[PDB]
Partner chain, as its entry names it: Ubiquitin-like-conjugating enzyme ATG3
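In the form solved without its partner chain, a lone chain appears below as structure tokens.
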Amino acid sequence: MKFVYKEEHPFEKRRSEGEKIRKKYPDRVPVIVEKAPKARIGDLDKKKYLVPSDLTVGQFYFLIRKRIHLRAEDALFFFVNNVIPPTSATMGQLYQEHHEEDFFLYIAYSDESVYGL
């Protein structure tokens, strides 16, 4: 799944930054969040987030929802590696399993239950 952030920030610079930020704010997890191609819903203000390790995916839905001012009837789905993480994982667990060699975790969101329609 293409990411703009990866496209325009060189790996080794993503890696030094991710290492620093883990070392500097350890009880939070660094997350890149970008709208899925062809998602019809709101675009996000910023894309770099430092998230409490013990926040649930579920709870993170509410926070992101509120940041893009979704309509009640709008849907929101998350995608890590083309796959939905279950609401019942922590962001910390998601980070452990799914972070990349640059120390970031990458999440795309959509109004479709499939990336990326």
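Numbering follows the first chain given and starts at 1. Between two forms, the rigid core is the largest collection of C-alphas that superpose within 1.5 Å. Shifts are known only where both forms have a C-alpha.
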Determine, for stretches 73 to 81 and 37 to 45, which one has the higher mean CA B-factor as deposited.
37 to 45
Mean temperature factor over C-alpha atoms, higher-scoring stretch between 106 to 114 and 2 to 10
2 to 10
Reading the B-factor column of the entry, which of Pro26, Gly58, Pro30, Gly92 has the highest value at its C-alpha atom?
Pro26
Could you tell me which third, lowest, middle or highest, the C-alpha B-factor of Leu50 occupies within its chain?
lowest
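The discussion below concerns the form solved in complex with its partner chain, not included here.
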Is the C-alpha displacement of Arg71 equal to or greater than 2 Å between this form and the one not shown once the rigid core has been superposed?
yes
Where does the protein shift between this form and the one not shown, taking runs of 3+ residues with every CA moved 2 Å or more once the core is matched?
71 to 74
